[PDB]
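Protein chains in written order, with UniProt numbering: chain B, 162 to 197, 215 to 305, 322 to 341, 383 to 1021; chain C, 1391 to 1502; chain S, 835 to 946; chain H, 294 to 337, 346 to 399, 404 to 438; chain G, 1002 to 1057.
Cβ coordinates follow ideal geometry from the N, Cα and C atoms, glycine included.
Have a look at the structure below before the remarks.
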RNA sequence: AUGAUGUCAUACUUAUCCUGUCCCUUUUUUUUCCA
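Following this line, the structure appears as structure tokens:
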């Protein structure tokens, strides 16, 4: 079917790519001409000996670095236990003392450096987080007055293993999957669905034939956790046989039997191995996740299961989406695992609610004051609401004093500082109660034990993208039925818990949708359209969807990719189209990077690209240090637009030597900075692929603004005397207050985001020239409109 | 010493080791825990400065010698009001000298 | 820089705690202090520009505070320069205390 | 006088600098003695297998590090170093323990940055700091 | 820095004005400046040195 | 001898305002001769 012509085109692409790289290699070896008396040699031979000497010194202490590392690296896992003999013991004291000797022999030089620059130098006329220990000896300075058991480990592992809800269900379901190729495995949390199932399949011999067993997760770090625990059971090194591969992080070697990955990782394994020939089992976890990659892989592996019968497809999930799961996958049997640890007492409010924030407040007030021991988890929508909540709780804390006991209020969302995310993971201090105000991120992949109460406001921030004007609005929306169901299910994991819903049984059973809109519907799909055009699906209409998108959204998608030129006047891939297609980011950015080659602003567009990759969480804006943060941010504000502001901040951070306390001092989230750095170098790792030459704009921000123009020409707005209004649609937008030009208000602006918060907005904007729009897109932007 | 050992024990210093000694010591213990430890760690030479404020403002500061944010609060006169009332006669002996009963207000706990 | 500036501006506000009948000139000073409390980087840019380039200043006023057994001179400087001087003051005392300029016998000290 | 003092400061400085320099050269030559005798004391039943394991692990270590340096210019720096810092990563890897801190009923019972002494004004009623009843 | 030193010493040399009398400070120190604490204590430091001797 | 109608500007009154409009949930993506 379409699968096979797709694969046809794919293998054709792979050979064409190989030949293209080969042609490039020979071309450049052509372009670089390898042109490669007595006292002449007697002169330069000393000098080549000079560089020999010097680069040999660097290389020499480099091999000393090698074995310096290697001594302590090898002696770590051999010496401290085993009954070893004279020779290697002698060598231990040797390497120990001798590396210490080298360390001190360079410490001598360093010491003399610093003590010899310590001194007084007459001036010359020429035209880590402890400021509460810098303020704790100030007081103590002011207040002074002087004048085998590893077998036991494995037995314990297996003993707990025996108490899984899948351990008695072992052999029946193993025979079950031995029968039918397609198996629905419905199971709740804690069942061992993610851990024990691949162990079993290892035990079954599905690994022989050189085969692998894939387990994919919707989240990298969740994959890491699952992998770590399964390797703990496996008693081996995580990474050689039980291994995981996600972005920037390979922890797999050619011993890999159990390979854990994300759904996009498996998609990109479909960039390398279409038939999945070395994997005998693909186990897709919690597919209810409703991910772009989930519903891509579903269709692709459905076609595989049709065309590869001895292949093993196991897709396990938590919730009742098994009806449509089987229906699309032609009525697979549904093996029921019963897993639910402890009973959950769910309460309803007596009537509906009016101001659910104060209801949250007073609910946790009473729960704390009157309940017996046990942690509290409470859901809100997000950051603004969440700090207002903690404000209210800590206000009550202050006012009621020691008539209460210790209420560690702990807010949590995704973009708050990572140390303060880790803050909630400490075991609770005796006597104190631990109350976590959370976003639905703590619905999934955050398992904080001890939670015995949980309260649900029945709401959530759902994205909603109407393409008919291109509106992506993160709006308030009463939460799904399954959503509240597992928001209940988030509790009980260690004891009988409670879940109080802020709404009635009436509103619940009556006014509740089952599952949140399968994202394929709601999301904007540019990257996945470009991706299935990368694999060669010409007819994207009769493609094997589980949930098709509305024809309109794919219409505007195709018109977009045509406009930026990736499609020809009938809608298939240009050479630009495919090369931009391999880049795992939306085509806006990819085409701007295409323009950076033309304008010679390579590195700058690379860095801006890397910046918008994670941007939403760059700058911390605490309430207790508002003005210091605002000012450390206003420091970088450069003229031209906030994109080059991000450029400048990354420039200054890398300037520091990639320091964390740099970003701490300058009020920038280290997480975003670090990930932007690694994503920039990943784009450089693909940089030779897409035929990009490394040149800098030489301080010519005109080139960089024009490359941004060529990339985001669609993303532009113009002045109207009734506000800022779109160029094409002429519907009204507004300036983000956090924008570096928020009050400069340019006549011609370029943007990157499109939301409609409490007012219609666009984020990370820049001032543009309308002439560059005709310079870039005279076929889409004509003069009459500007 | 309780701090060091609470690092050794790595337990948390709880309110019970610090409510016997809450207003004692010269800074004061309740200074360790005020709101602005973070921008007052950078105010140095404040004592000389309040001394020299006498050449800038036309008024005389009777507490030229101290600072409440830095030195704590070195006196508490809240028993003085109570014992002043008990020595004048009590609220009854005090209000028989007043127009209190000619107001017919039922009792003096509501006065404002 | 912002901690040193916050300390300077709080110290300068401490004069008109009363929020009295003050005058035009104190009104103008309070205006400068508030707009520098809102926008702290135009302030600091100005401050360092001053410290770098300025060497001829306006005129000071003098008057005497009568303490009945001697008089005290009281000097009256203009607002823009009062802000630049307050920040310079904080910066110098902070750095001097970190590099240990003043040996332990120079004693209106912050420790007792 | 300022020129004379500048010169005397500079020359006294380099005087003592050089003297301490020679002191460090002495220190490091006795470290040379120490190192030679270290290897000398070095040179003269799990050891055999843990030793084949030494060469085992270190040798495939050099193989993997070689070929890392080879495939990507520094993917030894793309793989080994960046592996060992990020938060949920470390939580997943079971890494243990990756200053004094105390109760928070204590904090923020008090707020402000200015002395309550009014800056020299006296005519306001600040005698007691807790209402009578 | 010579810049701050020049600011501080060029700032003590101003015109002092009472009702209708005006003169110029050229010799002493105006104590109603805000860094006058620093000048007074540093100069007093120099005089502590003259009184004690560098050795003591 | 003062009717309202007013697109009349000014004069005036509330010692009436000048601070009092602003902020995004979740999250994944293959890489290539080192030297």
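Assignment of beta-bridge partners to residue 710 of chain B by DSSP yields B:697. The C-alpha of residue 489 of chain B is placed about 36 Å away from the C-alpha of residue 773 of chain B.
Taking C-beta separations shorter than 6 Å and ignoring five residues to either side along the sequence, the partners of residue 901 of chain B in its chain run 867, following chain order. At a cut-off of 8 Å between beta carbons, residue 730 of chain B makes no contact with chain S.
When 8 Å is used as the limit between beta carbons, residue 315 of chain H is near no residue of chain B, the shortest such separation being about 11 Å. Within the model, the alpha-carbon separation for residue 515 of chain B versus residue 348 of chain H is close to 41 Å. As a beta-bridge residue in DSSP terms, residue 452 of chain B pairs with B:497.
Proximity of chain B to residue 1457 of chain C at the Cβ level (cut-off 9 Å) is not reached, the minimal Cβ distance being about 12 Å. Secondary structure of residue 518 of chain B (DSSP, three-state): strand. When the Cα atoms are used, residue 1416 of chain C and residue 672 of chain B turn out to be separated by approximately 40 Å. If the five residues before and after residue 563 of chain B are omitted, its C-beta is found closer than 8 Å to the C-beta atoms of 533, 537, 781, all from its own chain and listed in chain order. With respect to chain G, the C-beta atom of residue 920 of chain S has a partner C-beta closer than 8 Å. In this structure, DSSP gives residue 1422 of chain C a state outside helix and strand, which the three-state scheme calls coil. A distance below 8 Å between beta-carbons, with the five flanking residues on each side excluded, links residue 882 of chain B to the following residues of its chain, in chain order: 839, 842, 843, 846, 939. Within the segment 406-425 of chain H, contact with chain C at the beta-carbon level (separation under 9 Å) is assigned to 406, 407, 408, 410, 411, 412, 413, 414, 415, 416, 417, 418, 419, 420, 421, 422, 423, 424, 425. Under the three-pair Cβ rule at 8 Å, the segment 994-1006 of chain B counts as touching the segment 939-952 of chain B. Annotated as proximal: residue 1007 of chain B and residue 941 of chain B, with beta-carbon spacing under 8 Å. Counting along the chain, the unbroken alpha helix (DSSP H) around residue 1483 of chain C starts and ends at 1480-1485. Taking 8 Å as the threshold, the shortest C-beta distance from residue 1415 of chain C to chain S does not fall below it.
Using a CB distance cut-off of 8 Å, residue 383 of chain H counts as an interface residue toward chain B. Within the DSSP bridge table, the entry for residue 614 of chain B names B:673 as partners. Residue 976 of chain B carries a coil assignment under DSSP once its states are collapsed to helix, strand and coil. Pairing residue 688 of chain B with residue 724 of chain B gives a Cβ-Cβ distance that is not under 8 Å. Exposure of residue 430 of chain H is indicated by the presence of fewer than 16 other C-beta atoms within 10 angstroms of its C-beta. Residue burial is scored here from C-beta neighbours: residue 972 of chain B has fewer than 16 other C-beta atoms within 10 angstroms and is therefore classed as exposed. Residue 970 of chain B and residue 960 of chain B have their C-alpha atoms spaced approximately 11 Å apart.
By the CB criterion at 8 Å, residue 406 of chain H and residue 1402 of chain C fall inside the cutoff.
At a Cβ-Cβ threshold of 8 Å, residue 962 of chain B and residue 707 of chain B do not count as neighbours.
The continuous stretches of alpha helix (DSSP H) do not include residue 732 of chain B, which lies in the beta strand (DSSP E) extending over residues 732-736. At a cut-off of 8 Å between C-beta atoms, residue 1448 of chain C counts as an interface residue with respect to chain S.
Put simply, of C:1399, C:1395, C:1405 the residue whose alpha carbon is nearest the alpha carbon of residue 410 of chain H is C:1405. In this structure, the straight-line span from the alpha carbon of residue 799 of chain B to that of residue 178 of chain B is close to 23 Å. In the three-state reduction of the DSSP assignment, residue 330 of chain H falls in the helix class. Secondary structure note for residue 1008 of chain G: its alpha helix (DSSP H) is the uninterrupted segment 1003-1012.
Note on the segment 735-823 of chain B: whole alpha helix (DSSP H) runs with a minimum of 4 residues are 740-745, 754-757, 761-770, 786-798, 810-817, in chain order. The closest CA to that of residue 682 of chain B, considering only B:726, B:768, B:805, B:418, is found on B:726.
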